[PDB]
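Have a look at the structure below, then the notes.
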Number of protein chains: 2
Amino acid sequence: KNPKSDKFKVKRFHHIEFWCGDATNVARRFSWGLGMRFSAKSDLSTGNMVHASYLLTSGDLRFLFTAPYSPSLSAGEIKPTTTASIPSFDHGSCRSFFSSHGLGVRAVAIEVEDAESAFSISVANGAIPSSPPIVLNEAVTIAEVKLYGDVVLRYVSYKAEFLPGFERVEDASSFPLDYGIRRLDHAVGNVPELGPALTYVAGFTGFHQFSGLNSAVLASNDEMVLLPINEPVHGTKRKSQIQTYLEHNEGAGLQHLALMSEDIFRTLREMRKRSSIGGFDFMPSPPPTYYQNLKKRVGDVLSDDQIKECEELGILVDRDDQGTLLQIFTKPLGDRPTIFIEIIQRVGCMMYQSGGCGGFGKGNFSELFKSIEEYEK
Amino acid sequence: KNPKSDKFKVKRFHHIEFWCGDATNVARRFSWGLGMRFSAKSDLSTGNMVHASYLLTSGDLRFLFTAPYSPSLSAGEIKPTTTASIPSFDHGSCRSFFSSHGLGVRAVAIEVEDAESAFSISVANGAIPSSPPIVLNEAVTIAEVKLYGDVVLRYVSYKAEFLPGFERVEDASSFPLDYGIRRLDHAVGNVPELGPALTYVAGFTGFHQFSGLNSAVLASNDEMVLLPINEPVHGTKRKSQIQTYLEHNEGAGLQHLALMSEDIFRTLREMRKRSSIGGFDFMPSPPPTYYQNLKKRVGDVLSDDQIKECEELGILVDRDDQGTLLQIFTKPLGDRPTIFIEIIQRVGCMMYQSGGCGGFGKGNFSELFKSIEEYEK
Ligand SMILES: CCn1cc(Cl)c2c(C(=O)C3=C(O)[C@@H]4CC[C@@H](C4)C3=O)ccnc21
Ligand SMILES: CCn1cc(Cl)c2c(C(=O)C3=C(O)[C@@H]4CC[C@@H](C4)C3=O)ccnc21
Ligand SMILES: [Co+2]
Ligand SMILES: [Co+2]
């Protein structure tokens, strides 16, 4: 059931903003590791004396990397005279976030019809305000409310090129890398208590409900904005990875970003070639028994050659009533065992493809446990 | 003249330590951009609950990248029970350094005969202590004194593998990258006042003296440890780049690291191929007039084909009474216009090669000014 209860008009995920200590080095590592192009910048070279922000893109996926300059460079400014291109940015908030959490997502940004209206309706319905609506160059409106922990949900609306004040990147610095990633599929939060988190977020958005953890997924009307949230389950044999996250992150935050690929075989071939030369590492692949069991689960969807290619690349597969899901997880993106990335591709639910086609892979918890036991043999 | 006045036995540069917000992303970017192998680690996986430290190597060059974990992970520890592998590390100092300066060098480390003796003699001769000598696993001794700004000179001595507590890196994570870089040639500081800086450092080491700036170079007895120091010169037409450094760095710090290559043509070919895919950018190349003028300056040292290869790669050349110097400079390594890297290779002074052979390129200030004026034509 989908009661289509959004309290404002939501379109799609727009961008993800990482708060960094050095945006340059993180952005360059991510660009090479994920195959994303440098697309826009706002920094000293564009007149921004407050923060350095670099935008990477792959298809519709937009990753923004932001770090503060010395406050001394902008000491004479006030908010009405700021050279910051992102008006919600604050030196103290950014440094506090990074000191507390390390590298991680500060903002999950969605495009809405009217960010001013979205902000008002959200706060009227219980959202904790983080940054009020601000109109940039009479063209783009941005506002922010608290999502969980120190992560904000950022609303963006356009009257009619990322943000005013950002410059397109000189072609020579913009190498057209592309490993197949096309859009953000979902963004997952870890919280200490799932119940209150769900009630809060569903409360102010109207989003409906779509081992070691309990989870639920909030979704927009067309189920294209997908926001899973996890809480830990305590006392288990193996310690809850959600609890490990909360300890190393100093509390709630964004756990993983799932990036849809138009060709997950090519994406993973490209990413795995670069794992040891500056890119991202992947979690340990499942045993050969997992892929032998795949024939009985998805042999109608995937040929044996395609199943063999899943095995070459360490890809997991899950299936539900309506669609099939190919997925794989990176090791953590930075020093702490906190945020990681999922690469995903969905098969089915063709109407365009409906959002969440095939679910989120929860069947792979049991299929992996059983496959490792099967594999001790 | 070289009075060989070192107050203790100094061997060579040992390593450079960057203090980072996220060591993983900086280390991976540097590894790919410079062709350095991941060689050792000390982090959560090795039992270090305090800091994440990753060691990159290329030949004898050792780059260490360190970032703090949440203090909560080690809250129960005291110094006698610490799991830190680098005992001088402090969460507050590291966060304060990075907040103030951004990404940069915290420690210039030299190998000495006895780091305990070097520390005592240094402080007896005016050095400001930063971390007292500490013996690690009865095998390695480390001590630190202030060099300039928040940069420390770190003494390391070995009784008889980087540091105890570091583990060698799993071969699969250690891709054998190598673009030809072999050792640190010199490490350069920017200070507000050159005179007092020189007197202080030469005071406690016994090191002897080897537009927009004044400079002098301190050197060890065999002139293999080379420490240039710059101060700004004010009022000029173009603003002093040393002054720009001090403003954006919030004071004195390390300006550039010069990395010797055994084949600067290959190093620069390799680095330039990666500039736009996660590596390092280079400063604008000199005009064609610079390379036409090179025939008259170094035509006895470099064939026209070799001079043409310098032009392809943007390489600068300078010469003194005893040797020839090939050099090139990167753009700044991170967000702020502060630290950068020089790639260098020296021709001549064969006895092994004597240190500083060919100087440091100061002749290229005038040769570049004149070549740009020549090139307006
Ligand atoms: C193989 C072990 N494994 C590790 C992960 Cl992270 C994972 C996921 C995954 O991506 C997550 C989500 O998108 C949904 C929100 C939380 C739940 C579901 C969840 O865990 C699905 C199945 N098995 C998984
Ligand atoms: C082409 C413009 N240019 C930019 C740099 Cl950074 C540079 C250097 C260089 O590396 C530096 C040093 O190693 C020595 C210590 C300070 C002096 C000398 C100095 O500037 C030499 C010649 N020309 C240069
Ligand atoms: Co997921
Ligand atoms: Co130099």
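All heavy atoms count here, side chains included; hydrogens, waters and symmetry mates do not. Chain naming here is simple, since letters A, B, ... match the order of the sequence lines and numbering starts at 1 in each.
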Practice task
Quick one: do A:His15 and A:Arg154 satisfy side chain to side chain donor-acceptor pair (under 3.5 Å)? Show the steps, please.
Solution key: CA-CA 9 Å; A:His15 68 264; A:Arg154 175 178 287 155; 3.0 Å; yes
Practice task
Show your reasoning for whether side chain to side chain donor-acceptor pair (under 3.5 Å) applies to A:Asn230 and A:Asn190.
Solution key: CA-CA 5 Å; A:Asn230 307 324; A:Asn190 285 347; 3.0 Å; yes
Exercise for the section: Verify side chain to side chain donor-acceptor pair (under 3.5 Å) between A:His101 and A:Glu250, making sure each step is shown before the conclusion. Expected result: CA-CA 6 Å; A:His101 308 299; A:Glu250 302 194 0; 5.6 Å; no
Exercise for the section: In sequence, state the C-alpha distance, the side-chain angles, and the governing distance for B:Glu167 and B:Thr46, and then conclude on side chain to side chain donor-acceptor pair (under 3.5 Å). Expected result: CA-CA 7 Å; B:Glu167 300 193 352; B:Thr46 72; 5.4 Å; no
Exercise for the section: Apply the test side chain to side chain contact (heavy atoms under 4.5 Å, CB included) to residues A:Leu61 and A:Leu259: give CA-CA distance (whole Å), side-chain angles for both, the deciding distance (0.1 Å), then the verdict. Expected result: CA-CA 8 Å; A:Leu61 178 66; A:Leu259 317 185; 3.9 Å; yes
Handout entry: Stepwise side chain to side chain contact (heavy atoms under 4.5 Å, CB included) check, B:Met36 with B:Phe30
Key = CA-CA 7 Å; B:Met36 304 178 72; B:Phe30 273 58; 5.6 Å; no
Exercise for the section: Please lay out, stage by stage, how B:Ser39 and B:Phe162 fare under the test side chain to side chain contact (heavy atoms under 4.5 Å, CB included). Expected result: CA-CA 9 Å; B:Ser39 288; B:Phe162 173 65; over 6 Å; no
Practice task
Show the numbers, then the answer: is there a side chain to side chain contact (heavy atoms under 4.5 Å, CB included) between B:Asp43 and A:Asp335?
Solution key: CA-CA 8 Å; B:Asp43 64 7; A:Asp335 292 333; over 6 Å; no
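The two atoms that bring A:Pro232 and A:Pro192 nearest to each other are CD-O, 3.7 Å, heavy atoms only. Of all non-hydrogen atoms in B:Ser53 and B:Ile86, the two that sit nearest each other are OG-CD1, 4.2 Å. Summarising the geometry of A:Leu316 relative to A:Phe329, their closest heavy-atom pair is CD1-CE1, 4.0 Å, with the distance given to 0.1 Å. In this structure, A:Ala23 and A:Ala67 approach most closely via the heavy-atom pair N-CB, 3.6 Å. A:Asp185 approaches A:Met260 most closely through the heavy-atom pair OD1-CE, 3.1 Å. Between A:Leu368 and A:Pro286, the shortest heavy-atom contact is CD2-CB, 3.5 Å.
Tested against A:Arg183 for a side chain to side chain contact (heavy atoms under 4.5 Å, CB included), the candidates A:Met224, A:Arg62, A:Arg12, A:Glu262 yield a single pass: A:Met224. When each of A:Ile328, A:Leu313, A:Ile315 is paired with A:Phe282, the side chain to side chain contact (heavy atoms under 4.5 Å, CB included) condition holds for A:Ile328 and for no other. Each of A:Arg269, A:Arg266, A:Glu270, A:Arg274 was checked for a side chain to side chain donor-acceptor pair (under 3.5 Å) with A:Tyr179, and the lone residue meeting it is A:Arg274. Exactly one residue among B:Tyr69, B:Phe89, B:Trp19 makes a ring pair (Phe, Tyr, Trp, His ring centres under 6.0 Å) with B:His51. That residue is B:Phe89.
Using modelled atom types, one side-chain atom of B:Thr81 and one backbone atom of B:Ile78 make a donor-acceptor pair closer than 3.5 Å. Judged purely by atom type and a 3.5 angstrom limit, A:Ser122 uses its side chain to pair as donor or acceptor with the backbone of A:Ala118. Here the side chain of A:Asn221 pairs no donor or acceptor atom with the backbone of A:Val10 at under 3.5 angstrom. Judged by distance alone, the side chain of A:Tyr245 and the main-chain N or O of A:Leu254 form a donor-acceptor pair under 3.5 Å. Without hydrogens or angle criteria, A:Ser220 side chain to A:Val225 main chain gives a donor-acceptor distance under 3.5 Å. Checking side-chain atoms of A:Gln353 against main-chain N and O of A:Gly348 turns up a donor-acceptor pair under 3.5 Å. Counting only distance, with no hydrogens or angles, the side chain of A:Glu231 and the backbone of A:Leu194 share a donor-acceptor pair below 3.5 Å. Side-chain atoms of B:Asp171 never come within 3.5 Å of backbone atoms of B:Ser174 as a donor-acceptor pair (strictly under, hydrogens ignored). The main-chain N or O of A:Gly278 is found under 3.5 Å from a side-chain atom of A:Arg29 such that the two form a donor-acceptor pair. Checked by atom type and distance alone, the side chain of A:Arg346 never pairs as donor or acceptor with a backbone atom of A:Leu326 at under 3.5 Å.
Residues A:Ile128 and A:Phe204 form no side-chain contact, since every pair of their non-hydrogen atoms from C-beta on lies 4.5 Å or further apart. Side-chain contact check for A:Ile242 versus A:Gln255: some heavy-atom pair is nearer than 4.5 Å. Considering only heavy atoms from C-beta on, B:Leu64 comes within 4.5 Å of B:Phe166 through its side chain. Using a 4.5 Å heavy-atom cutoff, the side chains of A:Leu227 and A:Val217 are not in contact. B:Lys41 is not listed as a side-chain neighbour of B:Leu55, based on a closest heavy-atom distance of 4.5 Å or more. Taking the side chain as every heavy atom from C-beta outward, B:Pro87 and B:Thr82 never approach each other to under 4.5 Å. Looking at A:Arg182 and A:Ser58, their side chains come closer than 4.5 Å, going by heavy atoms from C-beta outward. Looking at A:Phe340 and A:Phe280, their side chains never come closer than 4.5 Å, going by heavy atoms from C-beta outward.
Ion pairing between a basic and an acidic side chain is recognised when a charged N comes within 4.0 Å of a carboxylate O; A:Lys239 and A:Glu247 show such pairing. For A:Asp281 and B:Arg28, the salt-bridge test passes: some basic side-chain N is under 4.0 Å from an acidic carboxylate O. A salt bridge links A:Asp318 to A:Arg297: one of the charged nitrogens lies within less than 4.0 Å of a carboxylate oxygen.
Remark: A:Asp60 CG to A:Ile181 CD1 distance equals 13.0 Å, nearest 0.5 Å. Atom-to-atom distance recorded for A:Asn25:CG and B:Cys20:SG is 8.0 Å, nearest 0.5 angstrom. Taking CG from A:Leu302 and CG from A:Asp300, the interatomic distance works out to 8.5 Å, rounded to the nearest 0.5 Å. Distance CZ/B:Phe98 to CG/B:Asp22: 9.0 Å, rounded to 0.5 Å.
A:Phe360 and A:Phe210 have their aromatic ring centers within a separation under 6.0 angstrom. For A:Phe65 and A:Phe18, the distance between ring centers is under 6.0 angstrom. Ring centroids of A:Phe8 and A:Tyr155 are separated by less than 6.0 Å, placing the two rings close together.
Residues B:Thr83 and B:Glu77 have side chains that bring a donor and an acceptor to within less than 3.5 angstrom of each other. A:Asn293 and A:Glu374 share a side-chain donor-acceptor pair at under 3.5 Å. With hydrogens and angles left out, the side-chain atoms of A:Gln306 and A:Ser303 include a donor and acceptor closer than 3.5 Å.
Within a 6.0 Å sphere centred on NZ of A:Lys11, other residues, nucleotides and ligands contribute 12 heavy atoms or fewer.
A parallel orientation is assigned to the rings of B:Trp32 and A:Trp32, their planes being inclined by less than 30° (bins at 30° and 60°).
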